[PDB]
Every structure is written in structure tokens, then in C-alpha cells.
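Notes to accompany the following structure.
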Amino acid sequence: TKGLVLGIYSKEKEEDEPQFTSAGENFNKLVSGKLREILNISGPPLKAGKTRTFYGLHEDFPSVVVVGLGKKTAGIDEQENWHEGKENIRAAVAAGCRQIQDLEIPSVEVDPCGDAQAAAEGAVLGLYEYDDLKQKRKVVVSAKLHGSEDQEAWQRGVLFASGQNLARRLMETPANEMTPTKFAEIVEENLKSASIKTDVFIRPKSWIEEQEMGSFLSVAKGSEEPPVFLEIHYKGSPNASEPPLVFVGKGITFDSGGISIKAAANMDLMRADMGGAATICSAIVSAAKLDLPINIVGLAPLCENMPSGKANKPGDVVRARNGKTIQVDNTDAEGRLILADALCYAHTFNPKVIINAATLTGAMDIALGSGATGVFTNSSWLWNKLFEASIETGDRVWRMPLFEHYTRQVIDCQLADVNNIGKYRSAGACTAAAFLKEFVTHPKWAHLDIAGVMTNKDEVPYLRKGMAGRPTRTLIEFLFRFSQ
Amino acid sequence: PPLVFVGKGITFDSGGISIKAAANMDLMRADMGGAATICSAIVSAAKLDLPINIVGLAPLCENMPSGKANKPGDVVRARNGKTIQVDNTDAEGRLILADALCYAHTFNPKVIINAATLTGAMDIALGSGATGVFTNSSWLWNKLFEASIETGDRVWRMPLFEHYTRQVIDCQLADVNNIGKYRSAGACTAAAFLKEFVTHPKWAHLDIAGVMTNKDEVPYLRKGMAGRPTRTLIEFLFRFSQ
Amino acid sequence: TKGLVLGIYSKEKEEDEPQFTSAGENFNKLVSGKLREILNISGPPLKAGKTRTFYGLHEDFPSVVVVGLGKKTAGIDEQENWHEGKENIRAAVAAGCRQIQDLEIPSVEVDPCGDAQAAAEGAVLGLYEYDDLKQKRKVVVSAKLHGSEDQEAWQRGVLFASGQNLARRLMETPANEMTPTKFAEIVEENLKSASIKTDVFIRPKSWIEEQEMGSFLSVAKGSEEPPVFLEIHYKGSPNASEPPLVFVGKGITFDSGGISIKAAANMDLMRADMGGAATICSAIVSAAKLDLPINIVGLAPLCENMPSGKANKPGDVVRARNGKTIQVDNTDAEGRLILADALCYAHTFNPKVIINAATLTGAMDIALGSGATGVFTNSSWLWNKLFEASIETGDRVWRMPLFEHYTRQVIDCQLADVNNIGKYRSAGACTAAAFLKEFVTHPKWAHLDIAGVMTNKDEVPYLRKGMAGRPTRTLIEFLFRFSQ
Ligand SMILES: CC(C)C[C@H](N)C(=O)O
Ligand SMILES: CC(C)C[C@H](N)C(=O)O
Ligand SMILES: CC(C)C[C@H](N)C(=O)O
Ligand SMILES: [Zn+2]
Ligand SMILES: [Zn+2]
Ligand SMILES: [Zn+2]
Ligand SMILES: [Zn+2]
Ligand SMILES: [Zn+2]
Ligand SMILES: [Zn+2]
Ligand SMILES: [Zn+2]
Ligand SMILES: [Zn+2]
């Protein structure tokens, strides 16, 4: 019928037994001490992230899963740059919820564990799974807050997690289904359901050609799938003339590499080469659901990178919207090409800040893996705001260098103004970022390379195996704090 | 109490049984750059007669293939008793450093700083733009960072997260594995491996693989081995003595 | 204190509820129906291989793990060539035992589940783990039969499984510890503890040179680790003159490939390139513990294959004990070289049958993976005996062709009588087997290529991740049936 997830902390030295949360101690009382008695009989105490299931304790809750929360007073961890307490909660709740799902129970009530937003994030992120195309599926579990106190915190958590889950769905979906047009239509419907203060323009190829986006066009032409330039507006500020914050996302729905073709091994993961677009767009949908009082513009060039009789050829020279020429030495370095045009266009909105996200380089994954998103920025103020936000969400960011040293390696070019791959193979993520800087004149610009946090195997406990949707929540948190 | 410096001194790295490719392998004669930089820094500090006690430690050897070489899968015991599964014999720097770092604790040092031309991943990460610094002390990071601003031989901080430690302690046969479960974040997992041999509150690991050579990036250095970041190390010691 | 593992079958159509085993129904009675009541409350029924834990049902058994046994009347599966019932039991019991271990309980009593030997095999194979070199270890669990009926079947199972576990330990152990000498000394002590009717000779290099084993010597010389030729005798027949069954095993303690050097990726697994020697030797130890009334001889050439200033060089020609010359075109095809000499020597015992086992070719893994061991034999009688035995143990065998078509590809040789790698890359396991046949004149010879069943990830439910020790039990079963 209905399941229940309860938390218990690790025992502190001067305590006689590990302490339950408020909901845990109360439940124990409701069942006349039966919960504590059975936990004692079952064996060793529960450590952070571990779970244990007890049956028949109450007629309304035939299955009760107790989860280990770790140390009660865990706050900000200086070594890890995150709030440890929140991370323990998200992981423990996800584990509890999955045990309830394995038991095939359709609904679960969750202990707020001293921080309802984090508990909600663990349940919602933890239970997610993309199974639309399978006949064999797990039971759909409805998770709700146990109790009626602090409902707003719980709901804030569901909102944040739902935002990241949308990014995951968009990324996980096979490319033949998640085409440039389909992605745009899904985002449009999600933003419009979130708020009536929105405008969406799924700009077609003719518009792209009118905007002189020759760099973006050179990439798209190799494929038979039509390209689109997604532009979204969220008018949340009281003053309509208030300059917007602009977000830009790389939307390659599928990257085969083009003529500079990729190796077969694990190339299926390239259906998520639109993760940049998925994360910034989901962040705008959430900000819109939250009705944040700020104006926001989202831009996402979308297309496929395929080999054919009309594809980009190594050595070809293309002209960006701003007139700069680019020598396309490697057709698989296509993200920086489409972003050159999107970033130029971003300046037309005379924005307050410009933030782009992209699953850009294999070098970023080699650099930091899934530990943190790499952030390249010309503004320490901006770096600090993103960093602070990440400490709260736990979806970490780490700063990478924007030095002229790297710019030199991309402007040293045989045929044009700038080369799309550096002279050397060293510092791939840094030279890619340097390339993007040639298309930015704004004082507050940040580039997020999310190639390393594209997927999850088991690094983040509360995310099942698959596309991660990172760092959506950090983006939402940043916008939230910015609006205040 | 002395400040202790540790340097990887592989005079030549062929890779061993997990043999390297021929292309540009000659550059591996500089796989002792860690030892060269910390030792030169101590020589300079000594010429300057800085009023501080300093200890320098450098394990030195060659990594070659032969009838008695390390074999993939072999398990070895570090000075501190921890066991290590040698899955890849070319990840030899972390092996020699495990013992040198354990030994460093015997001097009951104020700080521990090691330098090593450790991973190809560091070069892929930052190239010759800056030396990667992994540290459990923000105070220490700040002192190294400030020094680098003055010398121009830049440093950039890299993450020491438990996330990476998990990938090296997940080991089939022993306490710790000498290469991670995945190929991602090579420099971070190597640093995590080293942390298992450090209990000191002020330790910094400098991966200088990317600043090993100079083609033309640093205008004032001709083509060849760079000797970076020696001056940043000297500046750090100078400021520390004052 | 003490744990209990009980089995339950899947419900048959005309039954009202799934049926417990005899021990399960009795336990339920002891606790006045409390087990059935709690299982009913907990949810969905237990399917094959699944488990569920119940706490506080009895003061002597604070943790009771019920395991799904599948269909009660599962017998020989014609599609799978095995006894399905036994496989369900082994897997279910292993799962139950591991849950008890995770709970950190030092001892468990196990339900015989209608077949005590299979239940014992699941518990013993299931709990095994090589952790001698780790500081962090799981609790040591002592598993015993629940009840006192059919103790001989239970013990037979512990014997068979212990035999396979020894092969696993020998294979898993790092090569710097598991050297040719060390392997020989460990086997010697195990055989001698098993029976006083044994003789072991750890033949040194000088003996190998006297026996004119130039092929085996060419492989060993590249390494600084001394080679040994292990010879073991088990005199179990009442008639000492009774011709022995001879077993031969490839004992490469570490295979780097030599001058024809292997790639770095996963080369650590080559510490198990002595699996052939480990399996035939463990089989002889078990047969000896069982005091089977048959004479058996075990032969295992042991050495390392390393690159150095004195290693085998591609193109070198070496002379086998029987005088045939071999062109060593690829130094990584070293197993067939050492086996040429061991097989020649095997004929000196004027054996009844000759069985060799070897982790010989990557081609065998590509051919059948871990599904079955490949068997090449010139005797259909012998094939049938091995096949029948495998149906009982579940550690399957599959016949591979010994055709002259393959022999032609190895005798077509530029410089010598036979080439150590075929003219073409096709049918690697078949040409390797053809090569071995040139050193065999016996009418009942079987070659077992176990390269594909060297390791286990999760294919065999009851074996944890690591070296598998397959197909030891099939070898023991064969010897058992042969003695009767
Ligand atoms: C690893 C990937 C993120 C590579 C990236 N798709 C590049 O455009 O090919
Ligand atoms: C690129 C190099 C610094 C690699 C490093 N010598 C490792 O031990 O093989
Ligand atoms: C895959 C392996 C079983 C290969 C085998 N060791 C050969 O001698 O190299
Ligand atoms: Zn997709
Ligand atoms: Zn690409
Ligand atoms: Zn791409
Ligand atoms: Zn190396
Ligand atoms: Zn090295
Ligand atoms: Zn071994
Ligand atoms: Zn070989
Ligand atoms: Zn071999």
C-alpha cells in the first residue's frame, strides 16, 4: 500500500544510542518502541547512505526503510566545497526510496530529515529513470512529505530536482527522437506551462541565414536533419526594460564527428552532445516556475554533425556572424563553431551577464572527470557567485584558466583569423575556451564545460546510471540568489 | 621543525612492462623534473642563507622492462604497511612517492611539498599554462599562489575530493590500486592515491608534467626542458622565512 | 549471533500459496506461523535468486533470510544442458549467505533445499573472496547445514566447492607471490593433506634440461624467475600397476607476451595464465580427499613469459622433447610451446586417458565467452563423459572441432616442422588445438581451452567478481564417475 522512509543519525560519543530524526522518534512512539527494538535486534548500526527494511510495524506502513544520515551536525565541508549534511540526506533518501521501489510499492512518505529540500531532492532525483521506450518497467512511485510542517522547503526540492530530471530526459532520449525541432518543441511546452510571461521562437534555417551565422550553418549542412536556433524569453522583472541575464547552450543533437569521424566505441553517448542546451533551458524553466523577478534570455543553436557529400571538410574557412574567419581544421571541434555565432548574437540583448554551457571537450573529462564542472570566466565576481551556489546544491564547479597563453595557440592560423583546434594537443579545454573568448566582448562572461559531468555510473549516489543533467540545480540556485 | 620537499626522480621512464610508445619517448629523460626542481630550490634557498630549516627527499631510479621488472597485477607493500596493486607499471611515480611521503613524516615537518612530472592527464588539463596544485590546506595554496604572481611561473589549484579517492581504493587485491577504475581525471586520481600516504595538515602536491618543456610559450626560455616552477618555489621559501 | 537461510519455491498453478521447503515449513511452525504471516505482509512473492530478510522471528535466529528457489520440479534443461534445479539452489543460497555476511553475522545455518550438495556449493562458492592482502575485510562466515539429515550430501558439496575455491585462490593471487616454485609448494601441501597415498616432485631446471624439454625452456629463459615442472601422483587404485589417468596443465604464472609484448590494458589478468595448472591440480586434490580408487598423474610445466636480453625471439626454432622442431613466430603463443613438452612426457606413463587444460587463446573467449569451456578431443567416448559430468555440475563444456583442415595451417612452416601460430588469424583456438595434436599419439586425449571462463563478473550468480576456478567441479565429477 504505502511505504515509509525514516532517517537515523550516527551515534555521537556521549550518546547512548544513535538518534532518530523527529519523525523517526515519533514513529517509534506510535508503535510503542517497536522500531527501536527491532533495529537493535537486527545488528550493526546504520552508517551514512546505508538502509535496512522492517516489516509489519504498523498496519498503514507494512514496509519501513530506515536510512543512515551520518553525523547530525555536518555543515559546510572545507575540503569538499559543499554542504556535507545535505549530501548525506540526498544519498540516504534516494537509497531508501529505491528499496521501496524494488518492493513494488506505488507510494512512499519521506522523513524531512531536518532539511526537507534535500530530502525531496534525494527522492525525486533518486527515483528517476528514462524508460519510455521499454516494455519492462519498474513501478511508478509517488513520493510525498511525511508530515505537514515545512511544505515549502519540500516543494522547493521537488522543483529543483524536476528541473534536473528534465535535462536528464532530454539528454538520455535517442537522437532519432530528440532532433533539433523536437528538443525545441519540448522546451517550448515546458517553459509555457511554467509561466505565461514567456516568448519562444524556434528560428528556422532561413532566419539563421539572415543572421549571417555561417559558422553554425557549416556544421548543420552535413546532415539531412534541419537545424533550428532556439530563442526563449522569460520576462520576470517588474521593469520590462531591465537588461536580461543571457544563457547560451551547445545543442548538437548527435555528434558523429563529421568527416573527422569518431571511433565506434561508446559513440551512442553522443546523443547527449546537446547537454549544454538541456541544462540552461531546464534552468530557465525552473526559474520561470519559481517566478523569479528577473528577465532571462536563453539561446540554443541546434543541429546534427554528420558525414556526407555536403559536410564540412577539414581546412574549410567559414565566416562568423561578427565577420571573423575560422579555419575548420577538425570537423569534430564543432561546438565552438556553433557557439561562436550564438555568443555573437547574445550581445544584441545588451545583457547583464553571459553564461554558456557545453559538453565541449574530451580534455575536460580527462582534466576533472565527474568531480566538478569546469568554469572559465573573465569575472571573479561571477566565478564567486557560481561557486557559492554550488556549495549549496552539491553539484560542484571548479575554475579553469582564461589566459592569453591559450589564445595564442588558436590565433596562430594558416588561412584565417582563428583556428578551430590548437597548434598542440595540450590543454584542450583551455584552448577551446580561448577560442570562444574571441567571440565575446562582455565584462561578465562564464563558459561551463560539462563534458565530464555528462553521465553518471555511480559517482553521485542519488543518480541512477545514465545522463546526469548536471549542473542544472547550481544554475537555478545562482539565478535565485541573483534575484535577491 | 623543517619544511620538507619531496621529488619524483625517475631518471628514465620507458613505462616498464606496460611499455610506452616510441614517439617522443626521449623526453622521458626529464621524468626526474620533480627532483630537479625541489633540489634546485633548496640550493638557491641555501645560497640566500634563508633562516629556515629545510629537508629535501628524492627517490631516484629508472623504470625499465626486463626479466625481473614489475608485472601488472603484482602487489607491493609500502613503508607504512599499505598494500598497492600495480595494475599499470607506467604509473610508477605514485609508487616511489608513496614511500618518500611516508618517510617525510619522520621529520615532523611544518609543511610537506612534493613535485612530480606525474600524469599525461595534467598536460591535457592545463598544458604549460600553469603547474597543477592539489592541497589539503588553503593557507598553503594561497602562499604558493601569491609567490607565483611575483615570479610569473604560474600555479593553478586542482581538486582533492573524496570522489577521486573512491576510484583508487576500490581495489580487487589490495588496499589501493595504482590506476583508477576509469580513465577520467587522471591527475586527480593520482593525487588521491598520494593522499593515502599523507596524514599531515599542510601538504601540497605539484604535478609539473605540463610545464616540463618549452617550445615557445614562455618567451624568455629557449626550446627544451623548462625547469619550472623553480623560482615560484624559491619565492615561497623566501616569503616564508620573513 | 547465528543466521538462517530458508528456501521457498515459486507457486504452481493449482497451489494457493508458494510452498516452503521442509525446513522452511518446520521453522514457520516453530514460530507459530509468524514466518508465513510476515512474508505475506512484506509484498510480492520471491522469484528465483531473490531474497528477503526478516528480523526477530526467533531468539536464536535474529536474522532470517528467505530465498527464492524457482520451480520445485526443475530437472535437466534440454536447452541449457544442465540441471536447472541445482543451478537455482546454488544461486539462491549464495545470495542468502551474502546478505547474512553484509549483516556482519559470523555464522549461518543453511536449508538443504531438497539437494544438500547444491546448497553447500552455493554457500561455499558464494561466500568466497580472496582478501589476504587487504586491511579492510568482510566478516568471516561459517556456514553449516541446518538439520542432521543428509550430512554426506552437504559435505560432498563443501568438498567440490572447496576444490574450485583453491583454484580461484591460486589464480587470483598476484604473480610476484604466486611464482612457479610457490604454486608447486602450495599444491604439494594441499595434496599431501588430502591423502598419504601421494608423491610430489617439484622438478628443477636441470631435470627439465635432462628431459630435453627445449620448447618449455625457450619460454622460461626470458625471465629471472626459475621454472619448475610439477609432477604429482595419486595412487588410489587397489592395483598399483593399474594405468593412470593423466592430467596436464599450462602453468604460466605471468604472461607479458615476451618480445611479442601485450598491450597494457587489463594485462594484470595474466597473473591467471596458470589457470590450466590450477584447475587440474585442484581436481586431483579433491579426488584424493574423496579417496577415489583410481591412479592419477598430474603434470604442470610452470614459468613466466617475460621480455629481456635472453628472451625468445620471433623466428627462433626450438626442439621439443620428441624431436619435432617449432618455429616461434609469436612469443605470446607460449602455452602451446610449454604444453608440447608436457604432453610428450605424459605418454611415458602409458595412461588410460590424457586431459590437458589451458587458458590458451583469446580466440576461445571470442568464440564462447564464459558460457562454456571449449573441448577438443579425438574421442567421442571421452567427450561424452565430460559432457555428462558438466550437466550435473552446471560448469558447462562445449565441443570444438579437431579437423586436419586446421593442422594444415600449422604444419605449413617456413623453417621447421610446425609453426606456433597459424598462417591466418581465423579459428585461433582450433589451430592452437591442432598444434597440440602434433604432440599427441594417444587414442583418448581431450584439450580444454578455459581462456573464456577464466574470470567472472556476474555471469555465474554464485561466484563473486574475480577469477572463477572453472571448470574444476566438472573435472572432479568426471573422475568420480570414472572410478565407478
Ligand atoms: C567528449 C565529447 C564531449 C566531445 C565533444 N562532443 C566534441 O564536440 O566532439
Ligand atoms: C607524460 C609523463 C609525465 C608520464 C609520466 N612519466 C608517467 O609516469 O608515465
Ligand atoms: C587471453 C589469454 C588467455 C591469452 C593467452 N595467455 C596467450 O598465451 O597469450
Ligand atoms: Zn538526447
Ligand atoms: Zn565533436
Ligand atoms: Zn560535440
Ligand atoms: Zn610512467
Ligand atoms: Zn613517470
Ligand atoms: Zn596467480
Ligand atoms: Zn601468451
Ligand atoms: Zn598465455
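The values are calculated or read from the model by the stated rules, or taken from the named source; none is laboratory data. Note that we place each Cβ from the backbone using ideal geometry, even for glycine, and neighbour counts take in every protein chain shown.
From A:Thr325, A:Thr377, A:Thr407, A:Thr348, grab the single residue that is over 30 Å from A:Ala91 (Cα atoms), without any contact (Cβ under 8 Å) to a residue 24 or more places away in the chain, of a type in the set (S, T, N, Q) and more than 16 Å from ligand 2 (Cβ to nearest atom).
Matching residue, one of A:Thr325, A:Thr377, A:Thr407, A:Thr348: A:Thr348.
Scanning segment C:464-478 for residues that are away from every other protein chain (no Cβ under 14 Å) and surrounded by 24 or more Cβ atoms within 10 Å (Cβ to Cβ) turns up C:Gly469, C:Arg470, C:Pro471, C:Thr472, C:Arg473, C:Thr474, C:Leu475, C:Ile476, C:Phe478. Filtering segment C:18-35 to residues that are farther than 10 Å from C:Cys113 by Cβ and either free of Cβ contacts under 8 Å to residues at least 12 places away in the same chain or under 34 Å from the mean Cα position of the chain (by Cα) (or both) leaves C:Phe20, C:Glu25, C:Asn26, C:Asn28, C:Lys29, C:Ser32, C:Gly33.
Please verify whether C:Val297 is more than 14 Å from every other protein chain (Cβ to nearest Cβ), among the aliphatic types (A, V, I, L, M) and crowded, with 24+ Cβ neighbours inside 10 Å, treating the condition exactly as stated.
Answer is no for this residue.
Contact map, segment A:3-16: residues that are among the charged types (D, E, K, R) paired with residues that are assigned to a loop (DSSP other than H, G, I, E, B), Cβ distance under 6 Å, separation 6+ or inter-chain. Pairs shown: A:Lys11/A:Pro18.
A:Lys310 meets all of the listed conditions (1) surrounded by fewer than 19 Cβ atoms within 10 Å (Cβ to Cβ); (2) within 28 Å of A:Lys423 (Cβ to Cβ) but one, namely (2). For segment B:42-61, indicate whether the set of residues that are away from ligand 4 (no atom under 16 Å from the Cβ), charged (D, E, K, R) and either under 22 Å from B:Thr189 (Cβ atoms) or within 19 Å of the chain's Cα centre (by Cα) (or both) is non-empty. Within segment B:42-61 (the criterion being away from ligand 4 (no atom under 16 Å from the Cβ), charged (D, E, K, R) and either under 22 Å from B:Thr189 (Cβ atoms) or within 19 Å of the chain's Cα centre (by Cα) (or both)), the answer is no, since none of the residues qualifies.
Listed here are the strands (runs of 3 or more DSSP E) enclosed by segment B:59-156 that have at least 1 residues being buried (at least 20 other Cβ atoms within 10 Å of the Cβ) and away from chain A (no Cβ under 14 Å): B:60-63, B:74-77, B:83-86, B:112-116. Which residues, taken from segment A:18-58, are part of a strand (DSSP E or B) and either under 18 Å from C:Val64 (Cα atoms) or within 12 Å of another protein chain (Cβ to nearest Cβ) (or both)? Across segment A:18-58, the qualifying residues are A:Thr51, A:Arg52, A:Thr53, A:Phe54, A:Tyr55, A:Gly56, A:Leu57, A:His58. One residue stands out among those in segment C:157-178 that are more than 18 Å from B:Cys171 (Cβ to Cβ), of a type outside the set (A, V, I, L, M, F, W, C) and surrounded by fewer than 23 Cβ atoms within 10 Å (Cβ to Cβ): the one that is farthest from the other protein chains (Cβ to nearest Cβ), which is C:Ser162. Listed conditions (1) free of Cβ contacts under 8 Å to residues at least 60 places away in the same chain; (2) touching a strand residue (DSSP E or B) at 6+ places or on another chain (Cβ under 8 Å); (3) more than 16 Å from ligand 2 (Cβ to nearest atom) are all met by B:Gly81, apart from (2). The single residue among A:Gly335, A:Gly323, A:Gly422 that is of a type in the set (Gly, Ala, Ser) and within 14 Å of chain B (Cβ to nearest Cβ) turns out to be A:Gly422.
Picking from residues in segment C:238-260 that are surrounded by fewer than 18 Cβ atoms within 10 Å (Cβ to Cβ) and in contact (Cβ under 8 Å) with a residue 40 or more places away in the chain, the one that is farthest from ligand 10 (Cβ to nearest atom) is C:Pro238. Is segment C:101-110 home to any residue that is farther than 22 Å from A:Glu37 by Cα, small (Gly, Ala, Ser) and in contact (Cβ under 8 Å) with a residue 24 or more places away in the chain? Yes; the residues of segment C:101-110 include at least one that is farther than 22 Å from A:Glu37 by Cα, small (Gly, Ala, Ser) and in contact (Cβ under 8 Å) with a residue 24 or more places away in the chain.
The condition of being of a type in the set (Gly, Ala, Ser), surrounded by 20 or more Cβ atoms within 10 Å (Cβ to Cβ) and in contact with a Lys or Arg (Cβ under 8 Å, 6 or more places away or on another chain) holds for only one of A:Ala277, A:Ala272, A:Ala287, A:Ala283, that being A:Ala277. Among the residues that make up segment C:272-283, is at least one of them over 15 Å from the mean Cα position of the chain (by Cα) and in the same structural domain as C:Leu479 (by CATH)? Within segment C:272-283, not a single residue is over 15 Å from the mean Cα position of the chain (by Cα) and in the same structural domain as C:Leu479 (by CATH).
Here's the yes/no breakdown for (1) over 21 Å from A:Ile338 (Cβ atoms); (2) crowded, with 24+ Cβ neighbours inside 10 Å:
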site: A:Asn384; (1), (2): yes, no
site: A:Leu402; (1), (2): no, no
site: A:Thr407; (1), (2): no, no
site: A:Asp412; (1), (2): yes, no
site: A:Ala416; (1), (2): no, no
site: A:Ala434; (1), (2): no, yes
site: A:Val440; (1), (2): no, no
site: A:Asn456; (1), (2): yes, no
site: A:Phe482; (1), (2): yes, no
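Here the helices (runs of 4 or more DSSP H) wholly within segment C:358-422 that include at least 3 residues being under 15 Å from the mean Cα position of the chain (by Cα) are C:380-393.
In this entry, B:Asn114 passes the filter for residues that are under 14 Å from the mean Cα position of the chain (by Cα) and under 14 Å from B:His205 (Cα atoms). For segment C:325-338, which positions are buried (at least 17 other Cβ atoms within 10 Å of the Cβ) and away from ligand 3 (no atom under 14 Å from the Cβ)? Scanning segment C:325-338 gives C:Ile326, C:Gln327.
For segment A:95-106, what are the residues that are of a type outside the set (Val, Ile, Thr), in contact with a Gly (Cβ under 7 Å, 6 or more places away or on another chain) and farther than 12 Å from A:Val66 by Cα? Hits for segment A:95-106 are A:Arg98, A:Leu103, A:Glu104. Tallying residues that are within 14 Å of chain B (Cβ to nearest Cβ) and charged (D, E, K, R) within segment A:338-380 yields 1.
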